[PDB]
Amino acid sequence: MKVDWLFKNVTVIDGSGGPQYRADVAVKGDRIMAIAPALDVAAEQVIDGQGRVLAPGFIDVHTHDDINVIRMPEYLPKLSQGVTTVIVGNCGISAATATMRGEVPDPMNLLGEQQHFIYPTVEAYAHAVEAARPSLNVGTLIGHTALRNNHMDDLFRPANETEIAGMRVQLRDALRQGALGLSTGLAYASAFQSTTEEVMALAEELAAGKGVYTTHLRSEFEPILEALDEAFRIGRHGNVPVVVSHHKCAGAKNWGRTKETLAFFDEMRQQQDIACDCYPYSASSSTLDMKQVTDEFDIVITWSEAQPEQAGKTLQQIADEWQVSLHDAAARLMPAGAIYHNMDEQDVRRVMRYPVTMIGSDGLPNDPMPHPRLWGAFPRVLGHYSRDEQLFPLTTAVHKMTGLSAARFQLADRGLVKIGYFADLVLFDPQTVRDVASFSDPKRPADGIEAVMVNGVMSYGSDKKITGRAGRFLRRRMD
């Protein structure tokens, strides 16, 4: 057969976590059409893949790209990492189905401003995505807080029955239109007052395979076990799978406690379906907030409106230079952004190695000085953690950003190098793949990503130029 693309002599890491092997892989249209020890076929395009890995396109299961992927369809921060699908609508906030009857509630402002929320149904969001012709695929969760906001006159209280019944119906229609499930962000003020019962009511719409429950826990600090217990209870009430978003033990007092949380996962996964994702860094990044100020670890200023030349220094250094207290120095920097070294590297590694842990970047594309995970999460797992630190073999590393993720979120025919699946594919050099993005210089494309293919269209390459606009809106696999 004449094929469109032939990948010769590649090490296939097929996304299942199984062993690797060498083969030729052929693509025709948007489908992987053949895999064999060799394929003696004429192709429009041939790539000698010797010495490279052919993997499924990476699936970023934790993004806030809802609106930005439409505004910047040639979505370089993710595509240059090898990402071919983004899952949007996380932590309780989604553009899809969100109507703004007034002020935009925190943290929906991470996605955009009031005027950008013009997608009152999943259907409307889907067609807006495809009108933008993005370079990677998009699927969406439905944001719990966005639903709250559609139905409640004020967010800072438990919802009443009538409000919750409305939310159930709106979520049902969204899942019918292909939404992948429901996200919560229960630690945020705008959802913190919700009861477990309210969330249970919405999670019930997910039963019988209609989606996954993903959750930013009600707390990622001291009471994290209690918050984990609530998530699992919600999962058991609805009989729905749970994904714990960006699982971490934050704060010096909780360092080492992933030994406890993952033990809780072990125990509870014996009776229900639970997974999680994490980003592969032990520092967080946010606005500089007085309540976060501490001398327990480095706080590094990323930018400061009040004193822009202090960026790059630690809060302690700045306080010492100014001869003031940490809090006084904080006040004099604000408004500012900061990196918080408030996670323990061993915790992050324990969570990354946990068998059901997926990789998500949790990138924030509207941040003025972005955390480098926005540009580096996936090559950082393949290069720094798998190759250099040997946290897991490369087949496992790829598994955690492809087949595992596609299965958990019910993406049809994606996440595996498999005959008959869609041709979302990454060709990368395993010896040189690496996250170039750094905290001081975050907006930098990875190295070692040699070709990225989306729905059979070659879209990105070693010259760092985008050449395809073949992304689609992905609907949940229906039964």
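All residue numbers refer to positions in the sequence shown, first residue = 1.
Just going by the entry, 200-208 versus 220-228 on mean CA temperature factor gives the higher value to 220-228. The stretch 98-106 shows the higher mean C-alpha B-factor when 130-138 is compared against 98-106 in the entry. You'll see in the entry that, of 290, 171, 180, 394, the Cα B factor peaks at 290. As recorded in the entry, 368 carries the highest CA temperature factor of 363, 82, 89, 368. When all modelled residues of the chain are sorted by CA temperature factor, residue 308 is found within the highest third. Remark: residue 352 belongs to the lowest third of its chain, ranked by C-alpha B-factor as recorded. Among all modelled residues in its chain, residue 471 ranks in the middle third by Cα B-factor. Among the modelled residues of the chain, residue 413 sits in the lowest third by CA temperature factor in this PDB entry. Compared with the other modelled residues of the chain, the Cα B-factor recorded for residue 378 ranks in the lowest third.
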